[PDB]
């Protein structure tokens, strides 16, 4: 059921070439200066580590950002596992916070690509170990991206049957945003 909407500027990108470009600019969070690091934030001020939206911008002073929407959960200490389910995933640049400050949620001022009905899931079991819990699709794919590495996400997409080697122009599941 996954579909994709893309800005016309990316009609001649593929999922692979887009996410590589995006991830190379976003950069590896672990390599970032501590004082410019953005670990992301969840909407919904009653809960620091879960919510319907998770937004994260480059820790390397670049404008690249990503927004995930769904039933989003993060276990924080000590297993640091991102789990639940991502229905919609959006990439672009220039993350800005919504009216209301830090847990109001965010938007991208420049939206490049949106994945719809992504069904990107993962489970967390407090009785399992960290290395086991990190095997979930949702965790390893998003964690890869925050580490400037799109390969885990691309592998998930391919395993789903999504073609990542083809121009958005020429992907049956993709349609262009009206300019």
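Numbering follows the first chain given and starts at 1.
Compare the mean C-alpha B-factor of 102 to 110 with that of 84 to 92 as given in the PDB entry, and name the stretch with the higher value.
In the deposited entry, the stretch with the higher C-alpha B-factor mean is 102 to 110.
Check the entry's C-alpha temperature factors for 111 to 119 and 23 to 31, then say which stretch has the higher mean.
Per the deposited B-factors, the answer is 23 to 31.
Can you tell me which of 52, 129, 36, 141 has the highest Cα temperature factor in the record?
The record points to 129.
For residue 153, does the deposited CA B-factor place it in the lowest, middle or highest third of the chain?
For residue 153, whose C-alpha B-factor we compare with every modelled residue in the chain, the answer is the middle third.
Chain-wide C-alpha B factor ranking for residue 7, given as lowest, middle or highest third
Middle third.
Which third, lowest, middle or highest, does the C-alpha temperature factor of residue 147 belong to within its own chain?
Answer is lowest: the recorded C-alpha B-factor places it there.
Would you mind checking where the Cα B-factor of residue 62 ranks among the modelled residues of its chain, as the lowest, middle or highest third?
It falls in the middle third of the chain.
Using the temperature factors of the C-alpha atoms in this entry, rank residue 43 within its chain: lowest, middle or highest third.
Lowest third - that is where residue 43 ends up once the chain's C-alpha B-factors are sorted.
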